[PDB]
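So this first bit is one chain, no partners, the form deposited in one PDB entry, shown in structure tokens.
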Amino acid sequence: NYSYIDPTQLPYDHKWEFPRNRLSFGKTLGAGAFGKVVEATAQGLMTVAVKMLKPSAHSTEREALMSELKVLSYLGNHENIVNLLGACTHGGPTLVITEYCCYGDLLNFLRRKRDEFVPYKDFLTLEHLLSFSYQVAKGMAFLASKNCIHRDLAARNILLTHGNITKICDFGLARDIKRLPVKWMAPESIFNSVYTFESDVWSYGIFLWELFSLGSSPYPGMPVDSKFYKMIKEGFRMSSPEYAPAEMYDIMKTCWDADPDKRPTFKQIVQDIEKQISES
């Protein structure tokens, strides 16, 4: 007589419905063979992003897009996620309208800032990197508090907008807890297809390594092959990235514990980074 409420089973909430012909589409923000995200103007909702599938997409991607709409509808608003603003469902393919983040993804932002960075006007600083790590931890703590896992946390899925605010995007693989980004995945996810709050924490560790290397690719010179899998399973881990303070590398190392039970929670990570910020 007692059941979990699965957000993907709930009905669409028509409060999100927006007239389709009041969108005016602009530049491409992301694209693949079966879908794209475009900038648009939305009369009566301002600048927004619109996620949509291409006519070649199969029914599985279409179901996945509606599921993502339903997860975002359930989660509610948070400063550190790219929030749902509206949807178009009647008489056409699903359009998911989200917030537009004017500075794009953090991976590309960090990479173009390498010549304008001090590791301590218009410069990226260590204070900014600490802030970004704090905000992403706050956003992931929010997801976990709603029993949600993201499953593709990476610097490429963190966007930057005004006020130096970072926002987690792309909830297409996000799941409620009752082809794959292998180098960001926890070993139990690779080996046993198991995803948990603790495997999101592993990915956050990889994200921190990206952050404090200003966007370097993880495990450089190590292709995904049988040798990569054995080395991760037997305990190989990346070294401290070049700009990480010792306290942040300590967080990374615990995020990468082979035992999920020994990894920190996002709530614990938030409180850790909070103490580091106050010490500054």
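Sequential numbering from 1, following the sequence displayed. C-alpha atoms forming the largest set that superposes within 1.5 Å between two forms make up the rigid core.
Chemist: How many missing residues of the deposited sequence lie between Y120 and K121 in the entry, grouped as none, 1 to 3, 4 to 9, or 10 or more?
Modeler: Gap between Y120 and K121: 4 to 9 residues without coordinates.
Chemist: Between 168-176 and 123-131, name whichever shows the higher mean Cα B factor according to the PDB entry.
Modeler: The stretch with the larger mean CA B-factor is 123-131.
Chemist: With reference to the PDB entry, specify whether the mean Cα temperature factor is higher for 36-44 or for 232-240.
Modeler: Taking the mean C-alpha B-factor of 36-44 and of 232-240, the larger value falls to 36-44.
Chemist: Please pick out which of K253, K27, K51, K70 has the largest Cα B-factor as recorded in the entry.
Modeler: Comparing C-alpha B-factors across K253, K27, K51, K70, the maximum falls on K27.
Chemist: Where does the C-alpha B-factor of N77 rank in its chain, lowest, middle or highest third?
Modeler: Its C-alpha B-factor belongs to the highest third of this chain's values.
Chemist: Based on the entry's values, in what third of the chain does the Cα temperature factor of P181 lie: lowest, middle or highest?
Modeler: As the PDB entry reports it, the C-alpha B-factor of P181 lands in the middle third of its chain.
Chemist: Is the Cα B-factor recorded for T161 in the lowest, middle or highest third of its chain?
Modeler: It belongs to the highest third of the chain when residues are ordered by C-alpha B-factor.
Chemist: What third of the chain, by the recorded C-alpha B-factor, contains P218?
Modeler: Lowest third, going by the recorded CA B-factors of the chain.
Chemist: In terms of the CA temperature factor given in the entry, to which third of its chain does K113 belong: lowest, middle or highest?
Modeler: Tercile = highest for this residue's CA B-factor.
Form deposited in another entry: not shown, discussed below.
Chemist: Which residue, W184, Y100, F142, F171, is displaced 2 Å or more at the Cα between this form and the one not shown after superposing the core?
Modeler: If I go through the list carefully, the shifting residue is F171.
Chemist: How about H58 - superposed on the rigid core, does its CA move between this form and the one not shown by 2 Å or more?
Modeler: Comparing the forms between this form and the one not shown, which are aligned on their rigid core, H58 does shift its C-alpha by 2 Å or more.
Chemist: So, superposing on the core, is the move of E274 at the CA at least 2 angstroms between this form and the one not shown?
Modeler: The answer is no; the displacement is under 2 Å.
Chemist: Quick one: in that other deposited form, is the Cα gap between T265 and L173 smaller or bigger than here? Answer closer or farther; it shifts by 3 Å or more.
Modeler: Residues separate in that other deposited form, at least 3 Å farther apart.
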